[PDB]
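Trainee: One structure is given below, represented as structure tokens, and several questions about it will come after.
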Amino acid sequence: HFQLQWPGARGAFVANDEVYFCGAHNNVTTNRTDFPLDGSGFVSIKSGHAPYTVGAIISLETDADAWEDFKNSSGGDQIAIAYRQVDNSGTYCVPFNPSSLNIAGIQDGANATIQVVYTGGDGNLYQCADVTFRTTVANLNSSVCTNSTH
Ligand SMILES: *[C@@H]1O[C@H](CO)[C@@H](O)[C@H](O)[C@H]1NC(C)=O
Ligand SMILES: *[C@@H]1O[C@H](CO)[C@@H](O)[C@H](O)[C@H]1NC(C)=O
Ligand SMILES: *[C@@H]1O[C@H](CO)[C@@H](O)[C@H](O)[C@H]1NC(C)=O
Ligand SMILES: *[C@@H]1O[C@H](CO)[C@@H](O)[C@H](O)[C@H]1NC(C)=O
Ligand SMILES: [Cu+2]
């Protein structure tokens, strides 16, 4: 199982609810995190076990409350973060530059939902972060952006 460190999840982490869409927080929230476009962006999670595979899909819908909001115009998932296998438990953090994606809608002031997709042997698990993309974000704390190793 995993928890978003940053940007923060829509709602409280409930382990048994991670099998549901957006961790059973299906409705979009208004308390969005500001997320920088200038390349200082990241996504940090915490996993209780390894190995696991993890990636992320994205919606540019303000009201992201269904799977279909995370599909592109050809009907596949809008992959914001490529799937990869992670071999260490604890913290795992990937740089994320929304600018790099091949999607109209990604600009300063734009709303999005990042849904992390995880499989570590105990289900297909999900958590969602509601963000607003900004040109820059000052005082963006990066301490949580480490990779634990053994
Ligand atoms: C947004 O507010 C909800 C409801 O109180 C809370 O559960 C969640 O942690 C908040 N999200 C962030 C990113 O602060
Ligand atoms: C972005 O989301 C906020 C809620 O936090 C909302 O007030 C605003 O209208 C949204 N932007 C658009 C263009 O829908
Ligand atoms: C939609 O996303 C899928 C990956 O899930 C990809 O095969 C397809 O090229 C994408 N469509 C685009 C980029 O318009
Ligand atoms: C964590 O590992 C991934 C590759 O698995 C890498 O992209 C990322 O930069 C690493 N994070 C840090 C903070 O080193
Ligand atoms: Cu688990």
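Chain labels run A, B, ... following the order of the structure tokens; each chain numbers its residues from 1, and ligands are numbered from 1 in the order shown.
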Give the residues close to ligand 2, within 6 Å, counting only C-alpha atoms and all ligand atoms; write them as a ChimeraX atom specification.

Mentor: /A:30-32,62,111

Trainee: Using only C-alpha atoms and all ligand atoms, which residues have at least one atom no more than 9 Å from ligand 4? Output them as a list in words.

Mentor: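 If we count only C-alpha atoms and all ligand atoms, the neighbours of ligand 4 turn out to be residues 42, 44, 84, 85, 86, 87, 91, 92, 93, 94, 95, 144, 145, 146, 147 and 148 of chain A.
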
Trainee: Can you write just those residues out, C-alpha atoms, as a compact mmCIF listing (two decimals), in the first residue's frame?

Mentor:
# COMPACT_ATOMS: atom_id res chain seq x y z
CA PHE A 42 7.69 16.09 -8.25
CA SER A 44 6.55 11.65 -3.66
CA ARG A 84 8.25 1.34 -13.59
CA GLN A 85 9.15 -1.27 -10.99
CA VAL A 86 10.41 -0.07 -7.61
CA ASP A 87 12.55 -2.44 -5.51
CA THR A 91 9.88 6.79 0.09
CA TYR A 92 9.91 7.02 -3.70
CA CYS A 93 9.89 10.30 -5.56
CA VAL A 94 9.91 11.10 -9.32
CA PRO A 95 10.43 14.54 -10.93
CA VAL A 144 9.97 14.61 1.04
CA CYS A 145 11.52 13.99 -2.40
CA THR A 146 13.99 11.18 -1.63
CA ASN A 147 14.36 7.55 -2.74
CA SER A 148 14.84 5.20 0.22

Trainee: Taking only chain A into account, list the residues labelled strand (DSSP E or B) by DSSP (computed from the backbone), as a ChimeraX atom specification.

Mentor: /A:2-6,33-36,42-47,52-59,71,77,79-86,90-95,111-119,124-134

Trainee: Would you save the residues from that selection as an mmCIF file, in the first residue's frame, using C-alpha atoms?

Mentor:
data_model
loop_
_atom_site.group_PDB
_atom_site.id
_atom_site.type_symbol
_atom_site.label_atom_id
_atom_site.label_comp_id
_atom_site.auth_asym_id
_atom_site.auth_seq_id
_atom_site.Cartn_x
_atom_site.Cartn_y
_atom_site.Cartn_z
ATOM 1 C CA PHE A 2 1.072 3.649 -0.462
ATOM 2 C CA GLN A 3 0.348 7.228 0.620
ATOM 3 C CA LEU A 4 0.964 10.379 -1.349
ATOM 4 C CA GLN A 5 3.519 12.546 0.485
ATOM 5 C CA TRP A 6 3.209 15.418 -1.973
ATOM 6 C CA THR A 33 -2.148 22.028 -4.307
ATOM 7 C CA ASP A 34 -0.238 24.575 -6.457
ATOM 8 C CA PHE A 35 2.050 22.559 -8.753
ATOM 9 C CA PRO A 36 5.000 24.147 -10.651
ATOM 10 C CA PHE A 42 7.689 16.094 -8.255
ATOM 11 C CA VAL A 43 5.488 13.324 -6.904
ATOM 12 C CA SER A 44 6.553 11.649 -3.660
ATOM 13 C CA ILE A 45 4.858 8.532 -2.264
ATOM 14 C CA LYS A 46 5.521 6.197 0.619
ATOM 15 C CA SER A 47 5.157 2.370 0.149
ATOM 16 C CA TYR A 52 5.947 -2.797 -6.772
ATOM 17 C CA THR A 53 5.021 -1.192 -10.072
ATOM 18 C CA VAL A 54 3.832 2.397 -10.067
ATOM 19 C CA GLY A 55 2.836 5.056 -12.552
ATOM 20 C CA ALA A 56 0.350 7.919 -12.871
ATOM 21 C CA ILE A 57 -2.550 8.956 -15.096
ATOM 22 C CA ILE A 58 -3.887 12.478 -15.340
ATOM 23 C CA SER A 59 -7.124 14.417 -15.941
ATOM 24 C CA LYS A 71 -8.591 8.911 -21.019
ATOM 25 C CA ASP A 77 -5.152 6.351 -20.409
ATOM 26 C CA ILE A 79 -0.146 8.608 -18.743
ATOM 27 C CA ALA A 80 1.538 11.446 -16.870
ATOM 28 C CA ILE A 81 4.190 9.163 -15.314
ATOM 29 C CA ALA A 82 5.475 6.031 -17.094
ATOM 30 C CA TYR A 83 5.094 2.735 -15.182
ATOM 31 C CA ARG A 84 8.246 1.344 -13.591
ATOM 32 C CA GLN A 85 9.153 -1.273 -10.991
ATOM 33 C CA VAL A 86 10.413 -0.070 -7.613
ATOM 34 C CA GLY A 90 9.594 3.589 2.040
ATOM 35 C CA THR A 91 9.879 6.788 0.091
ATOM 36 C CA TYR A 92 9.907 7.019 -3.699
ATOM 37 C CA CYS A 93 9.895 10.303 -5.557
ATOM 38 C CA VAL A 94 9.910 11.104 -9.316
ATOM 39 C CA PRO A 95 10.426 14.536 -10.931
ATOM 40 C CA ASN A 111 -6.690 22.404 -12.874
ATOM 41 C CA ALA A 112 -5.751 18.698 -12.864
ATOM 42 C CA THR A 113 -6.028 15.427 -11.016
ATOM 43 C CA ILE A 114 -3.000 13.120 -10.813
ATOM 44 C CA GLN A 115 -4.024 9.537 -10.031
ATOM 45 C CA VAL A 116 -1.170 7.289 -8.935
ATOM 46 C CA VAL A 117 -1.609 3.673 -10.038
ATOM 47 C CA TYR A 118 0.149 1.041 -7.930
ATOM 48 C CA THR A 119 0.426 -2.738 -7.891
ATOM 49 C CA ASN A 124 -4.474 -2.566 -7.997
ATOM 50 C CA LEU A 125 -4.361 0.516 -5.744
ATOM 51 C CA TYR A 126 -5.159 4.189 -6.387
ATOM 52 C CA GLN A 127 -4.760 7.655 -4.762
ATOM 53 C CA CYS A 128 -5.576 11.077 -6.346
ATOM 54 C CA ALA A 129 -4.123 14.590 -5.917
ATOM 55 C CA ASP A 130 -6.024 17.644 -7.049
ATOM 56 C CA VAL A 131 -3.642 20.374 -8.257
ATOM 57 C CA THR A 132 -3.560 23.731 -10.020
ATOM 58 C CA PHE A 133 -0.559 24.162 -12.346
ATOM 59 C CA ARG A 134 1.392 27.410 -11.758
#

Trainee: Would you name the residues within 8 Å of ligand 5, counting only C-alpha atoms and all ligand atoms, and put them as a PyMOL selection string?

Mentor: chain A and resi 1-2+15+47-49+120-123

Trainee: Go through the chains and note each residue within 6 Å of ligand 3, using only C-alpha atoms and all ligand atoms, then give the set as a ChimeraX atom specification.

Mentor: /A:72-74,76-78

Trainee: Using only C-alpha atoms, which residue out of A:101, A:9, A:50, A:64 lies closest to residue 27 (chain A)?

Mentor: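 The shortest atom-to-atom distance to residue 27 (chain A) comes from A:64.
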
Trainee: Counting only C-alpha atoms, which of A:37, A:137, A:88, A:66 gets nearest to residue 107 (chain A)?

Mentor: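 The closest residue to residue 107 (chain A) is A:37.
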
Trainee: I'd like the interatomic distance between CA of residue 142 (chain A) and CA of residue 96 (chain A), to a tenth of an Å.

Mentor: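 Between CA of residue 142 (chain A) and CA of residue 96 (chain A) the gap is 12.7 Å.
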
Trainee: Counting only C-alpha atoms and all ligand atoms, which residue out of A:143, A:63, A:21, A:28 sits closest to ligand 1?

Mentor: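 Smallest distance to ligand 1 is found for A:28.
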
Trainee: Compile the contact shell of residue 26 (chain A) as a PDB file with C-alpha atoms, in the first residue's frame: residues with an atom at most 6 Å away, counting only C-alpha atoms, same-chain residues fewer than 2 positions apart removed.

Mentor:
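The result, stored in part_36.pdb:
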ATOM      1  CA  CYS A  22      -9.210   7.732  -6.262  1.00  0.00           C
ATOM      2  CA  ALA A  24     -12.812   5.910  -2.704  1.00  0.00           C
ATOM      3  CA  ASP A  65     -14.761  11.922 -10.867  1.00  0.00           C
TER       4      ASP A  65
END

Trainee: Measure the distance from CA of residue 67 (chain A) to CA of residue 99 (chain A) in Å and round it to one decimal.

Mentor: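 Separation of CA of residue 67 (chain A) and CA of residue 99 (chain A): 22.5 Å.
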
Trainee: Select from region 10-91 of chain A everything DSSP, run on the backbone, classes as helix (DSSP H, G or I), then give the selection as a ChimeraX atom specification.

Mentor: /A:15-17,21-24,67-70

Trainee: Could you save those same residues with N, CA and C atoms as a short mmCIF file (atom, residue, chain, number, x, y, z; two decimals), in the first residue's frame?

Mentor:
data_model
loop_
_atom_site.label_atom_id
_atom_site.label_comp_id
_atom_site.auth_asym_id
_atom_site.auth_seq_id
_atom_site.Cartn_x
_atom_site.Cartn_y
_atom_site.Cartn_z
N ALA A 15 -6.43 2.22 3.86
CA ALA A 15 -5.75 1.11 3.20
C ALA A 15 -6.73 0.27 2.36
N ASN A 16 -7.86 -0.18 2.94
CA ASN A 16 -8.84 -1.02 2.25
C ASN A 16 -9.59 -0.27 1.14
N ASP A 17 -9.52 1.06 1.10
CA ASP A 17 -10.24 1.84 0.10
C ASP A 17 -9.39 2.14 -1.14
N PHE A 21 -11.48 3.60 -7.28
CA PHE A 21 -11.21 4.88 -7.94
C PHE A 21 -10.86 5.98 -6.91
N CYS A 22 -9.69 6.60 -7.09
CA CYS A 22 -9.21 7.73 -6.26
C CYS A 22 -9.25 7.41 -4.76
N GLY A 23 -9.06 6.14 -4.42
CA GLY A 23 -8.98 5.73 -3.03
C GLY A 23 -10.33 5.87 -2.33
N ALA A 24 -11.42 5.77 -3.12
CA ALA A 24 -12.81 5.91 -2.70
C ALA A 24 -13.17 7.39 -2.45
N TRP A 67 -13.30 7.30 -14.37
CA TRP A 67 -12.17 6.76 -15.09
C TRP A 67 -12.03 7.47 -16.43
N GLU A 68 -13.18 7.74 -17.06
CA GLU A 68 -13.23 8.27 -18.43
C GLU A 68 -12.57 9.65 -18.50
N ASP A 69 -12.58 10.40 -17.40
CA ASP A 69 -11.91 11.72 -17.31
C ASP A 69 -10.38 11.63 -17.45
N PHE A 70 -9.84 10.41 -17.37
CA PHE A 70 -8.39 10.16 -17.39
C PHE A 70 -8.00 9.48 -18.71
#
